[PDB]
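As given, the protein sequences belong to chains A and B, one line each in that order.
If you read the first sequence in the working numbering, its first letter stands for residue 254, the second for the next number, and so on.
If you read the second sequence in the working numbering, its first letter stands for residue 80, the second for the next number, and so on.
Cβ coordinates follow ideal geometry from the N, Cα and C atoms, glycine included.
Notes follow once the structure below has been shown.
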Amino acid sequence: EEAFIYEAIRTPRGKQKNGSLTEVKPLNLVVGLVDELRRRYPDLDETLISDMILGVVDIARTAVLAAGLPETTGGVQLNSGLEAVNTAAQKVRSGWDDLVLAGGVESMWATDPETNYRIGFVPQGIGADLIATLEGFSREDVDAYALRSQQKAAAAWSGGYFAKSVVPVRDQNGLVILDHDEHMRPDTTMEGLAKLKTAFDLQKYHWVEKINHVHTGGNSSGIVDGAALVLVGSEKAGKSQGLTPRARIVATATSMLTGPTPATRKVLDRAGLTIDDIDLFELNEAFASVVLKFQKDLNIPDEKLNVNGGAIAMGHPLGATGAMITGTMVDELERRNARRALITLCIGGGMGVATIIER
Amino acid sequence: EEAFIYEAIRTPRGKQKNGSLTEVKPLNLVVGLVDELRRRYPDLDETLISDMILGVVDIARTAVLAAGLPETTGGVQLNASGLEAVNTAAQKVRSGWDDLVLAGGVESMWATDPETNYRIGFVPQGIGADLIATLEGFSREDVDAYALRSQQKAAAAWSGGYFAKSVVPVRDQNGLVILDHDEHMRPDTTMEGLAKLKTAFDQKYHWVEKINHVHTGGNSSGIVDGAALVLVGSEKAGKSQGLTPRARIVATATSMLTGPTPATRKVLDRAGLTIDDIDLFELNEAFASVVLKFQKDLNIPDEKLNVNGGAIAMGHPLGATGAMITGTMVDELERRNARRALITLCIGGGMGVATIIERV
Ligand SMILES: [Cl-]
């Protein structure tokens, strides 16, 4: 039993505290995606949707009720060792569930020194600086990575790449509240990044005399509000409801900011694939050094990594991350007419998840 | 891809506060079961064990490490809501990418009984149980007779030797036996004894004037210490390691105290089975009224239900419950040369889970 992605949508991402989604309750952010799916697929028999799976870093069960999904639909809420998309594929592959909604939601800690904005866990930030210290990534390296995120995000937005999947959030009278990723800073420059103050100032690594603190509010991802859902199902369930499969989930696997690397090696193993076989690599951008280390570890070509930008630009939506970056790849495989993407992030108490999809 | 159960072991159950496992750390209860699986299958390649999944009401990750399981084995903690250990393990194996999985749980020290101040176990849960008794017409005598039969059938199973293969004694750091039996059991229980007990829990159902409070510390299950583990795997994993499959997991499904009923109807639908096709029904005994309602709802024969006793007698081990009652059925199918059992419990923010196994 193969698991296919039939749809993958998401909310634009709102800045927390003083942004556009601050008054919108997380439930309503999730129910609006269900309502968009219904507009897209009005004939859909929801009796086949066995679970809504929500990552939150009783909303899954409450969301089912507020959306008016069937009472036969369960709610699964995830913070240990699992991930939403990975869980939905295993359910469907097991052959006892027919359609699953999988994704997550975030709605308002490490903080950047000048803006007081969440970026987002203190010891993670120190680890990030340790990685840069151990691996020899300079302040200019991590800033150059941040710049390329903002640039690729800007190119993706202005190029229309996200038009199909990014669903405007509207108020209870229909006025658009937010239709774009407002955390983006497309005016970002290397000179601007260099003035920013470092934000995170160990005995296992006893040869390190001093940590070279290089991460800031500009090369670490700010936390943003948002929701995302992926509709996963069997072949028979989708051909039942006249849905067109958009990608196949080839393999998934699971394995303190270094987790994505081995989970990626493992998923590649399970699928009988190598790095050369993957057209696009998508890794959540929690901190620039962590992405650079992943790239350095696996010899990942620059032109294949986070090709439409990542969380440094658009924001880190915590629980919603997995469904957002999956959908970003489902869409980008189609725009490129490319074949395979590998999507990976932290679960993540030290633990990573990696998933290979096929167009 | 079929999911098979290759082994199912469990700790005896310790009374909380004054009992035999009160100073045994929950981590050690789990590690002991791993070390027992090793004694049984010493040539087993643990590299095929992809996860340890533990329900508890960072212990799964710490368990993997303390047990010296491989660094490739991950930990999954269900405390992750709407999921159940054994059901999650089955689906992983059936998915085809995981070869062997350890699934179970652990409890180690709220509604209490009015006299001995034990725990039994959430106050409003007990009110719902009384409410069910009132709506359905179960008397105090009905709920007590149910408790009595739990004690009797557990007494029977224990003295008959039924649990000898699966209940693994807990031992101290010098090897002395700390606990080898289900010490919460009260085999001397009588109807006269149960009737003296004080009730513990005294607009949707606007036609009910007063709730008939019938639940006590003798017909609601006390919470106990314990751990349990089920080893689930694929056909090929078992044949590489030369393990003998004991049962196949036919189906499993998921759906305040009524959840097991629809989950059971659902699992039955998925497997293409009726109630007549099941030899044994095993439902966790949180409260006597809830077991009687399940039985009454689905027309379950008395001789098929909780046939070796349940939590009222042996104790409710919270997170360990699913693996313990699963193992109870793997053994009892074997002992009867019977074919199928249905194992069910609350997850359970209102959510029930039911799983059908078939003896292989
Ligand atoms: Cl890049």
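* Does the Cβ of A/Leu558 lie closer than 6 Å to at least one heavy atom of ligand 1? -> Checking the Cβ of A/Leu558 against ligand 1 gives yes.
* Taking all protein chains shown into account, do 16 or more other C-beta atoms lie within 10 angstroms of the C-beta of B/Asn416, making it buried, or fewer, making it exposed? -> B/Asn416 is exposed by the Cβ-count criterion.
* Assigned exposure category for A/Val419 - 16 Cβ within 10 Å defines buried -> Counting the other CB atoms within 10 Å of its CB gives A/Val419 a total of 16 or more, which places it among the buried residues.
* Name the chain B residues that come within less than 8 Å of A/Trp349, Cβ to Cβ? -> Under the 8 Å cutoff, chain B gives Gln170, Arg173, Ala330, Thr331, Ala332 and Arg349.
* Asked: Can the beta-carbon of B/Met131 be found closer than 7 Å to that of B/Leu210?
  -> No, the Cβ-Cβ distance between B/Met131 and B/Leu210 is not below 7 Å.
* Asked: Can you find a C-beta in chain A that's less than 7 Å from the C-beta of B/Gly161?
  -> Yes, because at least one Cβ of chain A sits closer than 7 Å to the Cβ of B/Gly161.
* To do: Please name the residue, chosen from B/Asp251, B/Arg119 and B/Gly207, that lies closest to B/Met335 on a Cα-to-Cα basis.
  => Ranking B/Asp251, B/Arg119 and B/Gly207 by Cα distance to B/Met335 puts B/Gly207 first.
* Which of helix, strand or coil DSSP assigns to A/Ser474 -> A/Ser474 falls in the coil class under three-state DSSP.
* **Through-space distance from B/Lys104 to A/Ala524, alpha-carbon basis** => About 40 Å.
* Asked: In chain B, which residues lie less than 7 Å from A/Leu331 when you measure between Cβ atoms?
  -> When 7 Å is used as the limit between beta carbons, A/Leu331 is near these residues of chain B: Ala159, in chain order.
* What residues are listed by DSSP as bridge partners for A/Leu307? -> Bridge pairing for A/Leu307: A/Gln330 and A/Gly356 [DSSP].
* For A/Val375, count neighbouring Cβ atoms within 10 angstroms of its own Cβ and tell me buried if that reaches 16, exposed if not. => With fewer than 16 other Cβ atoms within 10 Å, it is exposed.
* **Sub-7 Å separation of B/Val185 and B/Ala146 beta-carbons** => Not in contact: B/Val185 and B/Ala146 (Cβ atoms no closer than 7 Å).
* Under a three-way DSSP split, which group does A/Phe453 fall into? -> Coil, per DSSP.
* May I ask you to check if the CB of B/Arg117 is nearer than 6 Å to at least one heavy atom of ligand 1? => Every heavy atom of ligand 1 is 6 Å or more from the Cβ of B/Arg117, so no.
* To do: In angstroms with no decimal places, state the Cα-to-Cα distance between B/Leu359 and B/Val370.
  => Answer to the nearest angstrom: the Cα atoms are 14 Å apart.
* Amino acids of chain B, ordered along the chain, whose beta-carbon sits closer than 7 Å to that of A/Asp311 -> Those within 7 Å of A/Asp311 in chain B are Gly428.
* Asked: Shorter than 7 Å from the beta carbon of B/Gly216 to some beta carbon of chain A?
  -> So no, B/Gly216 is outside the interface.
* How about B/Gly312: is its C-beta nearer than 7 Å to some C-beta of chain A? -> No - not a single Cβ of chain A is within 7 Å of the one on B/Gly312.
* So does A/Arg401 have its beta carbon nearer than 6 Å to some heavy atom of ligand 1? -> Judged by the Cβ position, A/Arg401 qualifies as a neighbour of ligand 1 at the 6 Å threshold, a heavy atom of the ligand being closer than this.
* Straight-line gap, B/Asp192 to B/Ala243 (C-alpha atoms, nearest Å) -> Roughly 31 Å between the two C-alpha positions.
* Asked: Are at least three pairs of beta-carbons, each pair with one atom in the region 321–330 of chain B and one in the region 390–404 of chain B, less than 8 Å apart?
  -> Remark: fewer than three beta-carbon pairs, one from each stretch, lie closer than 8 Å, so the region 321–330 of chain B and the region 390–404 of chain B are not flagged as touching.
* Any C-beta of chain B under 7 Å from that of A/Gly575 -> No, A/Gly575 lies away from the interface with chain B (no Cβ there is under 7 Å from its Cβ).
* Asked: B/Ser300: buried (16+ other C-beta within 10 angstroms of its C-beta) or exposed?
  -> Burial call: buried.
* Which word fits B/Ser187, buried or exposed, when buried means at least 16 other C-beta atoms lie within 10 angstroms of its C-beta? -> Buried, by the Cβ-count rule.
* Asked: Closest Cβ-Cβ distance between A/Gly380 and chain B: below 7 Å?
  -> Not closer than 7 Å to any Cβ of chain B, the Cβ of A/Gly380 fails to qualify, so no.
* Asked: In this structure, does DSSP put A/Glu388 in helix, strand or coil?
  -> Three-state result, A/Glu388: helix.
* **Strand pairing of A/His459, partner residues [DSSP]** => BP columns for A/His459 are empty, so no partner.
* To do: Pull up the distance between the alpha-carbon of B/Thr323 and that of B/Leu310, whole angstroms please.
  => Put simply, the backbone Cα of B/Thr323 is about 11 Å away from that of B/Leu310.
* Residue range of the unbroken alpha helix (DSSP H) whose run includes A/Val284 -> That run of the alpha helix (DSSP H) goes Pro279 to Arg293.
* Asked: Beta carbon of B/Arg89, beta carbon of B/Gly401: below 7 Å?
  -> Contact flag unset, no.
* Asked: Around the Cβ of A/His466, are there at least 16 other Cβ atoms within 10 angstroms (buried) or fewer (exposed)?
  -> The residue in question, A/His466, is buried, as its Cβ has 16 or more Cβ neighbours within 10 Å.
* So which residues on chain B does A/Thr441 lean against when the C-beta distance must stay under 8 Å? -> What A/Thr441 touches in chain B: nothing, since even the nearest Cβ is about 37 Å away.
* To do: For B/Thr213, collect the residues of the same chain with a Cβ closer than 7 Å to its Cβ; drop the 5 residues on either side in sequence, then sort them by chain order.
  => In its chain, beyond the 5 residues on either side, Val287, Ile290 and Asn291 have a beta carbon closer than 7 Å to the beta carbon of B/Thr213.
* Interface residues of chain A around B/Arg140 at Cβ under 9 Å? -> For B/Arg140, the residues of chain A that pass the 9 Å Cβ criterion are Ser333, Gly334, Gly602, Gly603 and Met604, in the order they occur in the chain.
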